[PDB]
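Next up is one chain by itself, shown in structure tokens, the form deposited in one PDB entry.
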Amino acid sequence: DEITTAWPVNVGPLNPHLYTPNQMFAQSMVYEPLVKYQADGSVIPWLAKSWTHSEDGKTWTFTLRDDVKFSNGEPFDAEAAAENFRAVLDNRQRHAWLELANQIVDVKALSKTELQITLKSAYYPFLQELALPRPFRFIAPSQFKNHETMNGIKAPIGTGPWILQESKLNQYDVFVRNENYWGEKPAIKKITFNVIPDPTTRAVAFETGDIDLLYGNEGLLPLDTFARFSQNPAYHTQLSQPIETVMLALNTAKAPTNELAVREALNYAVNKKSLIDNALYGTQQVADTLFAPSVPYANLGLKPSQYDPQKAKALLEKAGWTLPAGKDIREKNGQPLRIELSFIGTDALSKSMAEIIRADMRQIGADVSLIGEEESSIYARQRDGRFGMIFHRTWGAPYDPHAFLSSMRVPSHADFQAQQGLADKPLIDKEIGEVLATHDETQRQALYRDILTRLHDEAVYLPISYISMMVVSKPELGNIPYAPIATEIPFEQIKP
């Protein structure tokens, strides 16, 4: 049994150690990690069968399976593992975004079955970052070019359950089952991805039966089409639990968003449910908090700001943003309450949301300008702190919360810049450093509670909605599971 699906672009060459144009879901189909991420925020053995612990906190010895073969029959060895780590760290600077890349001090193969990795310091998200789709997974060293991968590989030969069989630029990628896989055999023997750039066209492909499956985030197919599919009993549709937050980041370094009372009022001003019914076709849940309570360490009981334009208006009045008789926009010492909202001008969902937000904020006295620009101009805006408000999102499992929070500490970025007006920013950054290094469960939770609580209570963000993974499927395919890792698709778990 066989399936046909769609993707906007080709899968890429599937170099397991590089980024764009390689597609993450496809790298995860073919290549495998030492240890596999779990929904709760923990890991299980995978290519490594077991491992040991702290010499200092920062040396680890993995005991590897001995029955695993690459898809060409060549053997998976700790030597092959060590070769992959070397090829990756040869290109260290490219993986700097990722603290493991920085952290790792040495990788040496002690024996065919034992592999030793040493760290700079005790970095609790170690295993979860080993478990990521890239870059720490394993290609046959025979496929290195001049003893490296950083400049390309020959054939994408992994140990995983799927093999990339055939590729055609802008047309398709075909994968086949690895009949020599070390674990459970997939029930599907072939998966063909038609390259279909346009979301409507993808929807039409599913309707006509040209494709069996769509599995994806909010850009997967038009959201009104999903809603309609979901009412049609010829179709199987599903929405996962929250996987990522969409929110505004508010610039606490620039008036007027530097006022706590202004951020509080903005947090009462948006009717999130109406925005979700109207713009998102009910595909997302209301977000009351930076992180969904189902995110590791974030089940904190933080109080939501309900939709309450009355409470907003009173805050602004009290902060000196007074509503003149006969006028709709408030003013403080002669200056109209204006706020600039920056978004990427070709992103339709972002544009539609931003229009809804302008109208809701006008009802509380704030005139919101909408500035839609090309992606690159928005990225500059983030780096520079040149914005009032901006759409923003968390990063998905397994990054949240530890990675999203780590990144706030970095001066060239939107969250570091937007947070410069917070009296306690240096304390929040220090506590983030601390949480990433801590080993005690309780202290870890205590610290995240503290970090997330300050960001809630200081109204740093305006959470809007949580994205759900969307599935549209032929019923014959049955129930479709969700991968713990947000960008993976569990093709290996589909049983018609």
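In case it trips you up, residue 1 is the first one in the sequence shown, and so on.
Of the two stretches examined, 311 to 319 and 194 to 202, the record assigns the greater average C-alpha temperature factor to 194 to 202.
Taking the PDB entry as given, 175 to 183 carries the higher mean Cα B factor of the two stretches 175 to 183 and 398 to 406. Take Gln335, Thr245, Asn258, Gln93 and read off each C-alpha B-factor from the entry; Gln93 has the highest. For the set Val9, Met24, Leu477, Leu18, the PDB entry assigns the largest Cα B-factor to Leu477. Ranked by C-alpha B-factor against the other modelled residues of its chain, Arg228 falls in the highest third. Placement of the Cα temperature factor of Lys108 within the chain: highest third of the modelled residues, per the deposited record. Among the modelled residues of its chain, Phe126 has a C-alpha B-factor that falls in the highest third according to the deposited record. Sort the modelled residues of the chain by CA B factor and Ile432 lands in the lowest third.
Annotation for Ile44: C-alpha temperature factor in the highest third relative to the rest of the modelled chain, per the entry.
Not pictured, yet referred to below: the form deposited in another entry.
Under a division of the chain into two rigid parts between the shown form and the other one, the C-alpha atoms of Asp106 and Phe138 are best fitted by the same superposition and thus share a part. Between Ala380 and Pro8, the Cα spacing is smaller in the other entry than in the shown form, differing by no less than 3 Å.
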